[PDB]
Amino acid sequence: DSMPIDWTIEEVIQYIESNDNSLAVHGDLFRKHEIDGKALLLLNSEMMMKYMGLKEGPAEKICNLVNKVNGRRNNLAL
Amino acid sequence: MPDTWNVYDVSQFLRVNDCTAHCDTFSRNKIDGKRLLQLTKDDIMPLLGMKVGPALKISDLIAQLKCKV
């Protein structure tokens with residue numbers, strides 16, 4: 001319904017949850033780190049696993065989700 | 001020229017780029033131009049309460065700063 005970069009934190013969460021129900025658990029994590037649309041597109045696997053404490057699985061799933069909407073920015077990968 | 005900037009210079013930079021919220025932490029830690037441009041993400045993380053979103057945003061802003069220069 002909007003450019004990924006214009007997403008609020010809640011709208012980022014909504015994206016991740018509706019595409020992978022297994023990631024709903026990480027809602028509050030995204031809120032703490034204040035990951036809105038701009039922040040989401042700026043993420044990398046490193047920052048996810050080092051500083052957000054996400055495991056390999058989830059991190060990979062999130063990398064994938066960002067890759068679907070981050071346009072021609074470099075694909076996130078482990 | 002960012003390398004000339006003092007602590008006040010950094011605050012204003014943060015201000016006009018919609019990062020007003022972080023000026024006081026930056027001041028308290030005496031982040032002037034020189035230190036600014038030296039900052040890594042590992043450094044930026046505790047300066048913003050270990051929050052990734054803001055950390056990345058600030059890292060990006062500095063990187064952009066370094067571009068036209």
Side-chain angles (χ1 to χ4, degrees), chain A, chain B residues 2 5 10-69:
Chain A
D1 298 334
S2 151
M3 284 205 78
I5 198 162
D6 291 328
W7 285 352
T8 67
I9 294 160
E10 294 305 322
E11 290 180 331
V12 166
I13 287 160
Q14 180 192 8
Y15 170 61
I16 301 307
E17 297 177 349
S18 201
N19 296 273
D20 202 329
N21 284 2
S22 85
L23 293 165
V25 188
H26 305 287
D28 287 340
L29 185 68
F30 275 62
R31 303 180 171 97
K32 165 160 198 283
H33 292 282
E34 295 179 3
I35 303 310
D36 58 11
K38 288 158 80 152
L40 181 70
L41 299 172
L42 289 173
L43 274 164
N44 61 49
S45 70
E46 291 65 30
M47 296 297 288
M48 288 185 216
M49 293 182 63
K50 201 186 207 205
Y51 286 124
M52 300 184 67
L54 288 154
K55 313 302 199 63
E56 264 199 18
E60 204 210 311
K61 284 162 175 23
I62 292 168
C63 281
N64 291 334
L65 289 171
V66 175
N67 289 345
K68 294 165 175 154
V69 294
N70 70 343
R72 283 206 78 180
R73 294 179 188 75
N74 299 347
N75 290 317
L76 287 58
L78 283 84
Chain B
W5 291 1
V10 175
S11 285
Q12 294 310 111
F13 168 71
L14 288 157
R15 206 169 272 268
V16 307
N17 290 293
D18 307 278
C19 291
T20 309
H22 314 281
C23 299
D24 310 337
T25 313
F26 263 52
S27 286
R28 279 183 290 286
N29 290 277
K30 285 190 98 182
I31 304 282
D32 70 351
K34 166 153 188 86
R35 179 63 175 162
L36 189 62
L37 313 178
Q38 280 177 308
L39 287 181
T40 69
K41 294 174 209 284
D42 286 326
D43 305 321
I44 287 165
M45 277 305 298
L47 268 188
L48 301 183
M50 298 311 288
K51 293 173 158 159
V52 169
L56 273 166
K57 272 167 181 172
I58 289 297
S59 180
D60 184 52
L61 175 60
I62 295 169
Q64 192 75 3
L65 175 59
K66 287 165 174 185
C67 280
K68 183 178 179 180
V69 126

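In what follows, chains carry the letters A, B, and so on, assigned in the order in which the sequence lines appear, proteins first and then strands, with residues in each chain numbered from 1. Excluded from the calculations below are hydrogen atoms, water molecules and symmetry mates; all remaining heavy atoms, backbone and side chain alike, are included.
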Side chains of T25(B) and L48(B) in contact at under 4.5 Å (non-hydrogen atoms): no

CD1 (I35(A)) and CE (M47(A)) are apart, to the nearest 0.5 Å, by 8.5 Å

Heavy atoms of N21(A) and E17(A) approach each other most closely as OD1-O, 2.9 Å

Quiz prompt | Non-hydrogen side-chain atoms of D43(B) and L47(B) separated by less than 4.5 Å | solution = no

Closest heavy-atom pair, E56(A) versus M49(A), reported as atoms and distance to 0.1 Å, is CG-CE, 3.8 Å

Are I62(B) and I44(B) close enough, and set up right, to give a side chain to side chain contact (heavy atoms under 4.5 Å, CB included), and what steps lead you there?
CA-CA 11 Å; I62(B) 295 169; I44(B) 287 165; 4.1 Å; yes

dist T20(B):OG1 -> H22(B):NE2 (nearest 0.5 Å) comes out at 8.5 Å

Do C19(B) and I58(B) have side chains that get closer than 4.5 Å, going by heavy atoms?
yes

* To do: Answer with yes or no whether the side chains of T40(B) and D42(B) bring together a donor and an acceptor at under 3.5 Å.
  => no

So does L76(A) get a backbone contact from the side chain of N67(A), meaning a donor-acceptor N/O pair under 3.5 Å?
yes

Query raised in the report: Does the pair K57(B)/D36(A) count as a salt bridge with the N-to-O cut at 4.0 Å?
Result: yes

Minimal heavy-atom distance between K51(B) and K32(A), with the atoms involved, is CE-O, 3.4 Å

NZ/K34(B): more than 12 non-hydrogen atoms of other groups inside 6.0 Å | no

- Query: Is any side-chain heavy atom of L54(A) less than 4.5 Å from a side-chain heavy atom of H26(A)?
  - Reply: yes

Closest non-hydrogen atoms of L78(A) and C63(A), given as atom of the first, atom of the second and distance, are CD1-SG, 4.4 Å

- Query: Is atom NZ of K41(B) surrounded by more than 12 heavy atoms (other residues, nucleotides or ligands) closer than 6.0 Å?
  - Reply: yes

Considering residues, nucleotides and ligands other than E10(A), do more than 12 of their heavy atoms fall under 6.0 Å from its CD? yes

Would you say the side-chain atoms of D24(B) and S27(B) include a donor-acceptor pair closer than 3.5 Å? no

Are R73(A) and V66(A) close enough that some pair of their side-chain heavy atoms sits under 4.5 Å apart?
no

In this structure, CG of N44(A) is separated from CG of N74(A) (nearest 0.5 Å) by 10.5 Å

#### Entry: Check: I31(B) main-chain N/O paired with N29(B) side-chain donor or acceptor under 3.5 Å
no

Problem - Sub-4.5 Å side-chain heavy-atom contact between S11(B) and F26(B) - result: no

Residues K55(A) and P58(A): closest non-hydrogen pair is O-CD, 3.3 Å

d(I13(A) CD1, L23(A) CG) to nearest 0.5 Å is 11.5 Å

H33(A) and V52(B) have their tightest heavy-atom pair at ND1-N, 3.2 Å

Notebook entry, point to check: Any sub-3.5 Å donor-acceptor pair from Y15(A)'s side-chain atoms to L65(A)'s backbone N or O?
Noted result: yes

Can a salt bridge be assigned to the pair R35(B) and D32(B) using a cut-off of 4.0 Å between side-chain N and carboxylate O?
-> no

> Is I9(A) close to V12(A) at the side-chain level, that is, under 4.5 Å between some pair of heavy atoms?
Replying inline: no

So SG of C23(B) and CZ of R28(B): to nearest 0.5 Å the spacing works out to 10.0 Å

Checklist entry - Can you check whether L65(B) reaches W5(B) side chain to side chain, under 4.5 Å on heavy atoms? => result yes

